[PDB]
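>>> What follows is a protein structure lacking sequence information:
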DNA sequence: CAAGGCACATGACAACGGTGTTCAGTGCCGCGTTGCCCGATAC
DNA sequence: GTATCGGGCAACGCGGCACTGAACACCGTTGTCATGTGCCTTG
Ligand SMILES: [Zn+2]
Ligand SMILES: [Zn+2]
Ligand SMILES: [Zn+2]
Ligand SMILES: [Zn+2]
Ligand SMILES: [Zn+2]
Ligand SMILES: [Zn+2]
Ligand SMILES: [Zn+2]
Ligand SMILES: [Zn+2]
Ligand SMILES: [Zn+2]
Ligand SMILES: [Zn+2]
Ligand SMILES: [Zn+2]
Ligand SMILES: [Zn+2]
């Protein structure tokens, strides 16, 4: 995820960290990892870099029920929904043509000016269910 | 809106406000409406009664971008999703058989033990765009 | 370390950590220890409690060369001075009456109506020098 | 006022401004003085040249309560402790042998390999007390 | 019907855990500059 | 042989834009203390 602005070690390090993690992680959880790495990127810098890469669309952003937003790096450039397990903290990338068609059809039925479908699935995997 | 908690004048006043407005409203906004009525239900009372109704199932919960939870009363007890306009705060109930099937299919392919899917569409109204 | 206002678990949690620690530590450093302890006090909560305890005099505060203030609970509330080992991150309490008298005499020569005398020492122990 | 860095017009201007002031001055404030003179020396250049002079020991430094760095040029080459009035912002150099001996003695019994003793006094002068 | 018996209730505070804004302070990549450094010069 | 002269010069200056460290501010939610309101047997 190349940052749009002039490259610096801190922004490059957060970009590398997003590639290193394949799970949705909040800024506080990522900043703690970078502090343990010894990179020295500040919590405020981690917030600014995560927001810039997410605005570019390089990293996907999701919100939990608690209201804490989480950011993950996605291999697929194309838009897709996600099935996420809270216990794993990891998400699966899946895209639905039918759900997208249903959202457009619902917008057509109500004559809504624009469509911004937000389909997200939250389920726990069998491995986490086992204890 | 039947409330599981012991019956009191305060619970009835907030329940009346929920029935009065179909559109999603924040707990603070509902408290302000009760203050205007003269019911003067306490903010700590409005927050507790809204949350209690939600666990019972009388009210449905949604997340505004600002991150403030909003509560509305729904006539139908069947599973449904909401097509809501952020600009006008107007919510219309929408149901799709295909979205249920797609969510079930993603859960089945990944073999997650328990899965619950939350879906909503954000669009402006044709009347709203009209000037 | 007591806080003047009504006590809560979070105020007690930061106070317990300051009593447990025998060295000066920053708000961010103390917060990471508490997060691992599972107390779950927020960084803003760590800052508000630390500042209140320091005002009471329960915890003595020293300013580091970097400029990030570090807080520690001293053995006695009596006035004293500290010699800090940078490698240890811990200090030894030593007070000189003569230095206070010297500061008072020179302050009187200055003509100051009232004066505040502060002394700090930065060094390293013989054991810390060995590597 | 010698500068370790290669001599140039900008370095001549910052050194002259430091010579003119006999009180602790913020690096940004010295830059403000230089633009007022019309020297138009760069702020980044003012910061690096002040740091080089401080490393040389030509101009002394003090850490303020806010934590910003202030630089004062001193007539006396020999070591001393600055008594800076909080109200005036001006410092009079006073040296005490006893405080140095006390710091050395406590460090020696503690067994510290090396120690640096720093003493600062802050008070309002009788003239400043007058209003 | 009213006093008791008891509970659940309320509300006003007193708190808080996120994410966002000021800073002095410092990366950076272009510029410039200065005493040195040499090659002449025609005498 | 000296000496002043033009010009190049490469290892260094400079400045402006740009971006970063902690400490601090906001805002929807509560956790903790007290008391008035509601009902049920017992009289
Ligand atoms: Zn994705
Ligand atoms: Zn989609
Ligand atoms: Zn799982
Ligand atoms: Zn509904
Ligand atoms: Zn559904
Ligand atoms: Zn609309
Ligand atoms: Zn102490
Ligand atoms: Zn003292
Ligand atoms: Zn040591
Ligand atoms: Zn000095
Ligand atoms: Zn004064
Ligand atoms: Zn001394």
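Ah, there it is. Numbers count the residues shown, from 1 in each chain, chains lettered A, B, ... in the order given. Ligands and ions are numbered 1, 2, ... in the order given.
>>> Break chain A into its domains for me.
As given by curated CATH domains, the domain ranges for chain A are A:1-79, A:80-131.
>>> how about a markdown table for those domains, with mean neighbour count and distance to chain B added?
Bear in mind the C-beta positions are built from the backbone N, C-alpha and C, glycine included. Output for the domains of chain A, formatted as a markdown table (neighbours: other Cβ atoms under 10 Å in any protein chain shown; distance: least, Cβ to the nearest Cβ, whole Å):
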| stretch | mean neighbour count | distance to chain B |
| --- | --- | --- |
| domain A:1-79 | 16 | 5 |
| domain A:80-131 | 16 | 3 |
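>>> how about these in JSON lines, adding distance to DNA strand F?
Formatted as JSON lines, the domains of chain A follow (distance: least, Cβ to the nearest atom of the strand, whole Å):
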{"stretch": "domain A:1-79", "distance to DNA strand F": "3"}
{"stretch": "domain A:80-131", "distance to DNA strand F": "17"}
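>>> Which one, of the ones you listed, ends up nearest to residue D:31?
Closest to residue D:31 of the domains of chain A is domain A:1-79 (Cβ to Cβ; 24.4 Å).
>>> can you give me the helices in chain A?
Along chain A, the stretches classed as helices by DSSP state H are A:9-20, A:27-37, A:43-56, A:97-110, A:126-129.
>>> if we can go back for a sec, now the domains of chain A as a markdown table including distance to ligand 4?
Shown next, in a markdown table, are these (distance: least, Cβ to the ion, whole Å):
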| stretch | distance to ligand 4 |
| --- | --- |
| domain A:1-79 | 17 |
| domain A:80-131 | 14 |
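>>> Ligand 6 is nearest to which of those domains?
Ranking the domains of chain A by proximity to ligand 6 (Cβ to the ion) places domain A:80-131 first, at 7.8 Å.
>>> does the closest one come close to ligand 1?
Yes. Counting by Cβ under 5 Å from the ion, ligand 1 has neighbours in domain A:80-131: residue A:93.
>>> do that domain and DNA strand E meet?
No. Shown here: domain A:80-131 not in contact with DNA strand E (Cβ under 7 Å from any atom of the strand), separated by at least 14.2 Å.
>>> Quick one: end-to-end distance for that domain.
Start-to-end span of domain A:80-131 (Cα to Cα, to the nearest Å) is 31 Å.
>>> so does it get close to ligand 3?
Yes. Counting by Cβ under 5 Å from the ion, ligand 3 is contacted by domain A:80-131 at A:85, A:87-88, A:125, A:128.
>>> Looking at those, which one is closest to chain C?
Nearest to chain C among the residues of domain A:80-131 next to ligand 3 is residue A:87, at 17.4 Å by Cβ to the nearest Cβ.
>>> Spatially, which two of the residues of domain A:80-131 next to ligand 3 are the most separated?
It's A:87 and A:125 that sit farthest apart of the residues of domain A:80-131 next to ligand 3, by Cβ to Cβ, at 7.5 Å.
>>> on that earlier part again, looking at the helices of chain A, which is nearest to ligand 7?
helix A:27-37 (28.5 Å).
>>> What is that closest one packed up against?
Where contact means 3 or more Cβ pairs under 8 Å, 6 or more residues apart in numbering or on different chains; DSSP states H and E, helix A:27-37 is packed against helix A:9-20, helix A:43-56, helix C:27-37.
>>> ok, 6 Å please
helix A:43-56 (3 or more Cβ pairs under 6 Å, 6 or more residues apart in numbering or on different chains; DSSP states H and E).
>>> can you give me the angle the helix it packs on makes with helix A:27-37?
Between helix A:43-56 and helix A:27-37, the angle comes out at 120 degrees (axes from the mean of the first three to the mean of the last three Cα atoms, to 10 degrees).
>>> near DNA strand E, anything from helix A:43-56?
Yes. Legend: contact between helix A:43-56 and DNA strand E by Cβ under 7 Å from any atom of the strand is shown at A:43-44, A:47, A:51.
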